[PDB]
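Understanding the architecture of this molecule
If you want the building blocks of each chain, they are given just below.
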Amino acid sequence: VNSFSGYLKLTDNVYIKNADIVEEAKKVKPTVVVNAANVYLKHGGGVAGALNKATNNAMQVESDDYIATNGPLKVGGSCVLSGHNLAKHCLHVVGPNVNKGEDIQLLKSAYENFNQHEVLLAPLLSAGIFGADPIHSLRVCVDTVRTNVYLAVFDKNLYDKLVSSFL
Ligand SMILES: Cc1ccc2cc(C(=O)O)[nH]c2c1
């Protein structure tokens, strides 16, 4: 049994809810929240900008030190950093950004990072300002992630379309 409330069950392991991931993290304090990161961990906008704002920029400060030591992530890659006030850990995952022309086949690689964690609160990778089709992102998630994933979808309209169209 876990803390997550109000989710619709899509599969054995994937759950979905219309929710602000920031407000959901603040309530649940999950072991892992996933950030929709870029390779530079520059948390300017979208989910990343919202998570970082909720940490009062501490996520960005920590991320800048990580990049200064390790260099950029790979598209499809990830790193584990602090969850600050939102979670124990933040798994920063880089999905391909279609608005940069990145290979959408890297979306499966991005979701494979979730399998290193038994339970996660996450957004749909490559959705929103990363430009991919969220319906496609949900399908890759279901077909890739085997651990227990609780997906937060900010937009109610999109939430209803994802559920109605789910096979
Ligand atoms: C967006 C949203 C807001 C409130 C709730 C409450 C639930 C629940 O108890 O099932 N789900 C929600 C989804």
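Residues numbered from 1 in each chain as written, not as in the entry; some residues may be left out. Heavy atoms only, no water. Residues with missing side-chain atoms left out of burial classes, pairs and counts.

Method of determination, as given in the entry header: X-ray crystallography; reported resolution: 1.0000 Å.

1. Some details on the pattern of salt bridges
Applied cut-off: Criterion for a salt bridge: a side-chain nitrogen of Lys or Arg within 4 Å of a carboxyl oxygen of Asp or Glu. Helix and strand definitions here come from DSSP, where helices need a minimum of 4 consecutive H or I residues and strands a minimum of 2 consecutive E residues; each element is numbered from the N-terminal end. Type-normalised accessible area, obtained with a 1.4 Å probe on protein chains alone, sets the label of each residue: buried when under 20%, exposed when over 50%, and partly exposed for intermediate values.
Here the structure, examined in full by the defined rule, presents four salt bridges. A salt bridge links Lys26 to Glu23; its shortest N-O distance comes to 3.0 Å. Of this pair, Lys26 and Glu23 both sit in helix α1 (residues 21-28), three residues apart, roughly one helical turn. Take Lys26: its relative accessible area is 42%, and that puts it in the partly exposed class. On the basis of relative accessibility, which here comes to 43%, the residue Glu23 falls in the partly exposed class. Between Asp160 and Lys156 there is a salt bridge, with its nearest N and O atoms 2.8 Å apart. Here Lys156 and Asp160 lie together in helix α6 (residues 156-164), a separation of four residues that amounts to about one turn. Among the residues examined, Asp160 registers a relative accessible area of 34% and is labelled partly exposed. On the basis of relative accessible area, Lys156 is assigned to the partly exposed category, the value being 44%.

2. Quick word on the packing of aromatic side chains
Defined as follows: Pairing of aromatic rings covers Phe, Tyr and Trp, the last through its six-membered ring, and needs centres within 6.5 Å; plane angles under 30 degrees mean stacked, over 60 mean edge-to-face, and all others mean tilted.
Applying the stated rule across the entire model yields five aromatic pairs. Between the aromatic rings of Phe4 and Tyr7, the centroid separation amounts to 5.6 Å while the plane-to-plane angle is 85 degrees, which identifies the pairing as edge-to-face. Look at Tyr7 and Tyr150: their rings are 5.0 Å apart centre to centre, the planes differ by 90 degrees, and that puts the pair in the edge-to-face class. Note that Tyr7 is positioned in the segment before β1 (8-9) and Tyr150 in strand β7 (residues 148-153), a separation of 143 residues in sequence. For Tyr7, a relative accessible area of 15% puts it in the buried group.

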